Amino acid sequence: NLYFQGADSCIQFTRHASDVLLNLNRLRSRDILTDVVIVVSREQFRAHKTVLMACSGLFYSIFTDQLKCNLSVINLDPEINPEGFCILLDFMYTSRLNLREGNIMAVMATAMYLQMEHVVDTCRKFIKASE
Ligand SMILES: O=C(O)CCNc1cc(Nc2ccc3[nH]c(=O)[nH]c3c2)c(Cl)cc1[N+](=O)[O-]
């Protein structure tokens, strides 16, 4: 699937961006070219620094710091919920946010810590609606 757009009339591929993420998530599943371990409450999550930086203000700041960009292990605040992190990491790699009544507060807190503004705002709206 392709279509035209812009004063260019440039060809755009509809599924290209989502296909790239699908493939990045496959690399993560197979531990191919992963270059960082994120440690949350003694659980370990392998990932790609570029994907993290593309989705999170916190990770953008870390991995653009000339000192911290060389670390292969990054520890998060030990009060961060690991399920909250796993939900957001999955979101980064898929566009899908598995928000539920039983996890929304943890996910929101985690998204605030990671500086994922669109997710925070979304959690706020869903909390607002249920009051
Ligand atoms: O059967 C295959 O081609 C292997 C399928 N698996 C796979 C494929 C890719 N990239 C890939 C490969 C060939 C392509 N030809 C294209 O036009 N685009 C392509 C993208 C990545 Cl990055 C991870 C995985 N993976 O880890 O599973």
Side-chain angles (χ1 to χ4, degrees):
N1 202 57
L2 61 97
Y3 66 89
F4 299 97
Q5 201 161 225
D8 279 278
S9 72
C10 200
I11 300 171
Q12 301 227 146
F13 282 61
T14 306
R15 295 281 170 254
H16 176 75
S18 61
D19 282 348
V20 168
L21 257 65
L22 212 58
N23 292 340
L24 291 175
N25 204 30
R26 291 185 192 192
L27 300 181
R28 179 170 70 108
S29 289
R30 302 177 72 183
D31 202 40
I32 299 173
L33 266 59
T34 50
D35 58 5
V36 72
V37 185
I38 310 304
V39 180
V40 191
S41 202
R42 307 183 179 73
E43 287 182 40
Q44 298 192 11
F45 297 87
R46 284 221 133 244
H48 301 95
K49 292 176 182 190
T50 51
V51 177
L52 298 183
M53 297 172 88
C55 302
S56 157
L58 177 62
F59 289 126
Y60 189 74
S61 298
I62 295 163
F63 301 128
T64 55
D65 185 286
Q66 282 170 202
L67 199 58
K68 302 155 186 152
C69 70
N70 297 317
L71 295 170
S72 65
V73 179
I74 298 290
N75 301 98
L76 307 190
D77 182 338
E79 300 190 10
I80 293 296
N81 187 313
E83 186 174 83
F85 184 76
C86 184
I87 284 157
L88 292 167
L89 187 57
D90 285 338
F91 164 72
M92 298 185 187
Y93 276 93
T94 68
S95 316
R96 285 144 21 203
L97 187 69
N98 188 206
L99 229 49
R100 297 191 148 109
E101 186 176 27
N103 72 28
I104 183 163
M105 298 310 291
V107 175
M108 191 172 58
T110 312
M112 293 175 68
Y113 172 77
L114 296 182
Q115 305 168 36
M116 297 173 72
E117 273 181 39
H118 278 180
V119 174
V120 175
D121 293 351
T122 296
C123 291
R124 291 214 176 103
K125 288 190 230 296
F126 277 71
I127 294 160
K128 171 72 183 183
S130 73
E131 286 178 338

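Counting starts at 1 for both ligands and their atoms, following the listed order. Side-chain atoms are counted along with the backbone in the values below, which use heavy atoms only and exclude waters and symmetry mates. Positions are given from 1, in the same order as the sequence printed here.
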Should one rank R30, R26, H16 by closest heavy-atom distance to atom 5 (C) of ligand 1, which comes out on top? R26
Does any N or O in the side chain of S56 come within less than 3.5 Å of the main-chain N or O of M53, such that one atom is a donor and the other an acceptor? no
Of all the non-hydrogen atoms in the protein, which one sits nearest to atom 23 (C) of ligand 1, and at what distance? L27 CD2, 3.8 Å
Starting from atom 10 (N) of ligand 1, locate the nearest protein heavy atom and write down its residue, its atom name and how far away it is, to 0.1 Å. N23 ND2, 3.9 Å
Strictly inside 4.0 angstrom of [atom], do you find any protein heavy atom?
| atom | value |
| --- | --- |
| atom 18 (N) of ligand 1 | no |
| atom 15 (N) of ligand 1 | no |
| atom 27 (O) of ligand 1 | yes |
| atom 3 (O) of ligand 1 | no |

Quick check on the hydrophobic clustering: are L99 and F85 connected, directly or via other members, by side-chain heavy-atom contacts under 4.5 Å? yes
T34 and side-chain hydrogen bond (donor to acceptor under 3.5 Å, both in side chains): which partner among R46, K49, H48? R46
Testing the 3.5 Å rule here: is there a donor-acceptor pair between the side chains of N98 and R100? yes
Within the supplied structure, the quantity of interest is the number of heavy atoms (other residues, nucleotides, ligands) at a distance under 6.0 Å from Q12 CD; does it exceed 12? yes
Tell me which pairs pass salt bridge (charged side-chain N to carboxylate O under 4.0 Å, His left out) where either residue lies in residues 71-90, with sequence neighbours left out. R28-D90
